[PDB]
Structure formats: C-alpha cells, structure tokens
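You are given structure tokens for the same protein chain in two forms, set apart as structure 1 and structure 2.
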Structure 1
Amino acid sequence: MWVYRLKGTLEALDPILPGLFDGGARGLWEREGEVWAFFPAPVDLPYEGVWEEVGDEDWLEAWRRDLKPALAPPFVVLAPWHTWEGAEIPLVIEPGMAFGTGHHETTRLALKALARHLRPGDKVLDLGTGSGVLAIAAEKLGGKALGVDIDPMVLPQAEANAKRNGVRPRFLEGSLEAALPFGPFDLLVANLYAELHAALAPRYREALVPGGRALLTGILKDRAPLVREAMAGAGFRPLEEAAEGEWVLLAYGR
C-alpha cells in the first residue's frame, strides 16, 4: 500500500480529512507533526502531500514506536529510546533480529532465575546469547560473563547492546565446547529447547564447578520430563521450576 504524508496535526488538517476519505483513504495516523493517509495506490489530491509506498521497513519503524518497557523483576527491559522512573534494574536492548528482546516468556524466566542463582563474582556462561541480554544482566548483577552463539550475525548486536548498558561481557562464536577453555563456570544459563538440553546434560556438568548452577529454559510444559530425566541422569539436583504460559525454566545444582 501507499502512504500520503502531510505536515500538520489532525486537529489542523480536520478540514481536508473528509476529502482524503473520499479519495479512498482506508487508514489515517498522526505521526509526529504529520498526518499519514493510507491508500491502495496513489490518487490525484489537491492537498500538496507526498506519496510513498509502504514496505517492511516502515512496518518495523511503526512497530518500534509502539514498543513498551517489559518487566522481569528485578529488571526492566527498555528500548534504547525508553524512559524509566521505576527502581528496577535497566536493561537496554535494541529491538533487533537477534533473539533477546525481553518480550518472550523464556527470556523473562531466565532473568528472574539469574537474579536468584547468580552472586556477585560468579563466572557465567550464556549459551546461545543471541542479543546478549542474559550476559548483560549477569554483569549488572555483579558477575563476569561469556556469551556464545553458533550464529555469528548476533554477536555485533550483542556487543552493541552490552555497550549501551555500560558493561562488557565477553562474546564469541560457537557452542559449549568453544566456551570450555574459559571455564569451568559458577553458573550456566541456556535458553534453547527441551531436546537439546537433554543431549547436553552431560556436558553441562563438565562446564560447571562442583556446586555450580545450570538454568535451562526454552522448555515447553509437555517436554519437561526429557530434561528432568536427562538432568537427574547427569547427576544434577532439581532446585527450582518456573513457567509462564507454555514455557518453563528448570534450575539445577551440580
């Protein structure tokens, strides 16, 4: 579809609005000193506005502007342009393509679990760091973190996010093995999925010091047994369960 931009407020343009509608306008929005009128394709109008086709880009900018802070006590996840009067801990994440915006339930379960199981001074491994939000949160709690991901594309955004938050976790491409050289760790947090955790259970144990913690999420309610089963079999002890919707987080001690 096309947009027809016009300078002025709705109040101001009220006089020609009926005309826009007669011209076939199906949508209308006031966007920062401007009024956008949406049509299927351009039509001839006397208002001296400017036509422009709408695309995926515009559809994000619009979404971006409708974004609101997300709570995850004791944290609040904010867009780089968000304001927060509250007391919760600020986590600035550029709404991007890398997972970790703070809008998914799993991310939220992870943040809350981290605050409970992480202590000032702990070494942390954020397996599948994505946006790097969990690693960033670990540094905010007073921990030293390493975020890894098999997807290279996310690391610059993670690094950029860390920067916005004024903390500097270590980020690197790879999985659990790429990380071992930096271990063992006091805590490991991983937002993946039930089946993969199941296969990794054994390595999770080797990644942690005795008494270390493993926070697993990305788990659907109906796939938790796989994890309970794999973890126990891996010598871990159950410590906490949490869910939001169909998603759950399982915390284990080693």
Structure 2
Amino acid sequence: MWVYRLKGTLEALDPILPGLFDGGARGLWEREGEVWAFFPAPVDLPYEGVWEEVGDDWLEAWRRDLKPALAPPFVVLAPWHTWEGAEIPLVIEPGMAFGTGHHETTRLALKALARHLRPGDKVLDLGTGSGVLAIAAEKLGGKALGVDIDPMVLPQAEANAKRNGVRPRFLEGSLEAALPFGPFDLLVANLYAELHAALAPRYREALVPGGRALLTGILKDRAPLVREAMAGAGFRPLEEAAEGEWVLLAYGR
C-alpha cells in the first residue's frame, strides 16, 4: 500500500475528508497529529499532504503470536489452536467480549474454580463477558449462570458455550437478576475492587451457608477495600492468589 500523511486530527481535517475518498482512499486512520489515508498507488493530491509507501498478512501476524493461555487445569484455545496436553480445553475465539483468557484475572479465576468448585455446585458467574468461567464451571460439573449488565456480550457467550459442548444459563442484569436463580454454592466475579466492595452484603445474600465467593478483577493496591467490605459482610477469608498486579481473594461464608 501507499499512505498520504496529513497534519491534523480527523475533526480538524473534516472539510477535506470526502475529497480524500473521491481521490481513491480506502480508509482513514487518526494517528498522533496526522491522518493517514491509505491508497493503492500515489495519485497527486491538492491537500498539502505527503506520501510514503509502506511495508507489505496482518492476518497471520496477530494470529501467529497468540498462543494457548495456560491456566491449570484448563487451557484457553482459539479455534485454530492445537493442544496435546491433558488440560481441559476451553475454546474461546478472541472476539468482542472480555474473557479471552489472555488476562491475569481471567486466569486466576479459572485456577480458583478448580480449587473450590465441588461437583454439582450451583455457580454464579457475575460479569460473564465471553462466558469463559461459566463454561469452565460446567466443564467441572457445576450448574452455571452467567449474568452481564451489557446485553452485547450475551450472544457471544452463548456461542462460546455452544462450541465447547456445555449449556449454562446466561441472562442480562446483575446480582439482582441472578437471585431468583439461586442461592448459589459458588460465586465467581471477575470485576473490580470498588464494585465488589459495594456488592459485599449482597454476595452474602446470594450464597448458601458454606458457599464461596472468588473475587478478582482487583488491582493489588485496591485490595484492602475488598478485604474490608467482605469482613463487614461476615465472610471469612481463604487463600489469596496474585499474578502481575492482580489478586484473587477467596472467601467462605
């Protein structure tokens, strides 16, 4: 390809943007102080910009450096990955919902499910995103419910579920919406420190006596907010796990 490089932001260059297309551009990319317009070949423009030819896929460039995400006893695989090991495969294509498995919090949640989920448990996966944890819970023999306040991730979670041969409920909403489906034996919430702290008394309300709450999404420094709220709510602490800057705090109730 060729690039026409123009100085300014899309909004500042607005007036002349249709001109660049008329000219034969395929796409505009706002970059630091410039708009890059992509063309097949140079074509001589009135717009005061400057041309660069650019290196020659991009398809086999993102794919190629994206690897199975190991979270024992699971591995999170994209559809084209292959795996020899004995890990339980969770097939999840990197798509438009968080929970592709390439984050610390997702992987700490997965490992924590293995340590806590007794066969038969009813599991509430609060903040389901790609549905990866609810799917993990069914793989472990638990009956799972994924809820998310964002309706856009739900068809995605259903589709990840279908590929992986399991069928957890998914519905729109939060804790409130989940309550008639419970109480639960296990709750796993990959969210963030403040949200948990606000939901603590209600995490209690959702769990049967004896159940566990596995909380993550929590930045290491923000952890006290959570240790505090959960202590307030009556929970008794279990292990903590960390990776990078994130913690998973487990609690029994």
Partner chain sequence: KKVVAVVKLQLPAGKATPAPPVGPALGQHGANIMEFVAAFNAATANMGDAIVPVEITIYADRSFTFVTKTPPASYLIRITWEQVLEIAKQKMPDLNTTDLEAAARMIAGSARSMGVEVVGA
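When a residue number appears, read it as a position in the sequence of structure 1, where counting begins at 1. Only the largest set of C-alpha atoms that superpose within 1.5 Å between the two forms is called the rigid core. Shifts are known only where both forms have a C-alpha.
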Pick the form solved in complex with the partner chain out of these two and give me its number. 2
Out of 220, 209, 192, 28, the position with Cα displaced 2 angstroms or more between structure 1 and structure 2 on rigid-core fit is 28
Aligning on the core only, does the CA of residue 12 end up 2 angstroms or more away between structure 1 and structure 2? yes
For residue 70, state whether the C-alpha moves by 2 Å or more between structure 1 and structure 2 after rigid core superposition. no
After fitting the core, how far does the CA of residue 83 move between structure 1 and structure 2, in Å? 0.8
Keeping the rigid core fixed, work out how far the Cα of residue 94 travels between structure 1 and structure 2, to one decimal in Å. 1.6
May I ask for the C-alpha shift of residue 48 between structure 1 and structure 2, in Å, based on superposition of the rigid core? 31.0
In sequence order, what stretches of at least three consecutive residues shift by 2 Å or more at the Cα level between structure 1 and structure 2, with the rigid core held as reference? 1-56, 58-62, 64-66
